[PDB]
Structure formats: C-alpha cells, structure tokens
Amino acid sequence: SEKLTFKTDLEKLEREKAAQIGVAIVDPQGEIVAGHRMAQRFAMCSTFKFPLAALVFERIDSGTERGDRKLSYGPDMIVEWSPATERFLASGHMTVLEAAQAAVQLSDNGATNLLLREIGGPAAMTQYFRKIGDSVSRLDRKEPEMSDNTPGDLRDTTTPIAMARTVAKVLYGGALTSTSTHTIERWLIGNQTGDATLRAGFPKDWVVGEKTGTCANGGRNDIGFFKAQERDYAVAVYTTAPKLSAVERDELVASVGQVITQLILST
C-alpha cells in the first residue's frame, strides 16, 4: 500500500543516514493520514515558536494583549541567534507583533525569550498547549538551553502526532480568528529559515508554510502545513541524526519531504 511504501522508504533513510525520523501528517480535523514514530518523544527546539505565536495571537484576539505594545529590553535579552533583537536593541524595544514575527520567521531566540518573559515563562506555554487539547507538548526552559536535547530528557519535548494535531488546531481547528489565522499562515509561508528543509522536498506548486528547528545532538525539525491537490494537511517532522553534517541534516529533512510527496500523490 502507499502507507507501507511510506514506512519502508523512511526506514531506508533511517538506516542509511543513521537517523531516527518522526513524522505525523493529519487532515484539518486532526485525523491521521500517515506517520512514523508518531508517539516517540523528540525535542521541540525552535519549532515551539509557532505555537508561541498562536498563544500571543489568542491573547490579541481576546483583548488581553495589543500587538503594538512595546516590550522594552536591554543587552541581557540577547542570546545566540538573535538577529532582530540585536538590531532593535538601541531603539530599546520590540513590539509584541514584531517579536512574534521575528521568532517565527527568523527563529530569533531573544525575541522568543522576550515573549516568554511577557506571558509568564515556559509554564504559560505549556498551559496553552493543554488549553488547545495538547496533553503531550511541554515547554520547560527558555532559549537556547531548551534545545540541549539530552537523550531521554523529557523536558521541552513533543511527539509528532501531538504537534501535528496542534498545528491543525491552530490553522484549521478554530483556535484563532479568521484574520489571525490568515496572518499566521502567511508568516509560515514567508519563513526565512526553511528553504533547504521540507519545502525543498515538496513540489513547487504546493502551498507550504513551516517552522524549522535545530537542536544539539543532531536534531533537525520542520513543522507546518501544505496544500496539495485541493487538500489541506498539517505536518510535523522531527529527526535525530548525530553523525550527519548540518547540510546533510537539511538534505535529510528535504528527503522526508520527497517521501511525503510520494505518499500524498499516491493517496
């Protein structure tokens, strides 16, 4: 069957690249299309910044936050991979929406930590996961230490099926207003960090948006959505390949994208 070919082709990639590949593909209601290691825990790393932006948009939607509110900070906000936070430092602030867009589209760690400071830290992120029906995903630490990805450490983890269903809830399940949903979809399409990962393995006519992550100890992840053959899907891909180079991990996730493509065009 198409699902057997999907499993077999992912297992080939696992053997040949010394990797473990977690995938979940769901329809807009969260029904499983296909998956692999669906219930295995993986470090979230920067992929949680997409649910973080959804959390922020829900607060704007409910009138408990303003997108143009200025979030002041100083040099101690700057951590590794904080390009926008660095540029705005002299000005003294980033707005709520500026920080959320930098977190999603540049994977800006400082902007992420700026938002975590405002919402009540990792506990508030986890509370949001639980609220939208995700009993699995957990944020325990801020950036960058949440990405240390120690094998077997359950902090800062999700599973592919939990996160795919969280993506579907945000994009298709009514978690956000129509306007906020469309905005976050456009942010995912316009992401600047994913050119070499999943969307490099999907056909060029598919509409794709995603959020990448890179973890210590070989983690490389990509979560988001694709629209193919007049059908919408949510997808979460988590990989661990400790001996691959960084470029080789990009190619690994792109190869997963091609295996997904072969499945969808066979469905």
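Rigid core here is just the name for the largest C-alpha set that superposes within 1.5 Å across the two forms. Heads up: residue numbers just count along the shown sequence, starting at 1.
Peer 1: Would you say which of 224-232 and 45-53 moves more relative to the shown form in 4 other deposited structures of this protein, going by RMS C-alpha distance with the core superposed?
Peer 2: After superposing on the rigid core, the more displaced stretch in 4 other deposited structures of this protein is 224-232.
Peer 1: Taking the mean of the C-alpha B-factors per stretch from the entry, tell me the winner out of 217-225 and 238-246.
Peer 2: Per the deposited B-factors, the answer is 238-246.
Peer 1: Do the CA atoms of 24-32 or those of 226-234 have the higher mean B-factor in the entry?
Peer 2: Here the higher of the two C-alpha B-factor means belongs to 226-234.
Peer 1: Of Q105, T179, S137, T95, which one's C-alpha B factor is largest in the deposited record?
Peer 2: Highest C-alpha B-factor among the listed residues goes to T179.
Peer 1: Splitting the chain's C-alpha B-factors into thirds, which one does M77 fall into?
Peer 2: Middle third, going by the recorded CA B-factors of the chain.
Peer 1: Please place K131 in the lowest, middle or highest third of its chain according to the CA B-factor in the PDB entry.
Peer 2: For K131, whose C-alpha B-factor we compare with every modelled residue in the chain, the answer is the highest third.
Peer 1: Which third of the chain holds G173 when residues are ordered by C-alpha B factor: lowest, middle or highest?
Peer 2: Middle third - that is where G173 ends up once the chain's C-alpha B-factors are sorted.
Peer 1: Which third of the chain does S147 land in by C-alpha B-factor: lowest, middle or highest?
Peer 2: Middle third, going by the recorded CA B-factors of the chain.
Peer 1: Rank-wise, by C-alpha B-factor, drop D68 into the lowest, middle or highest third of its chain.
Peer 2: Middle third by C-alpha B-factor.
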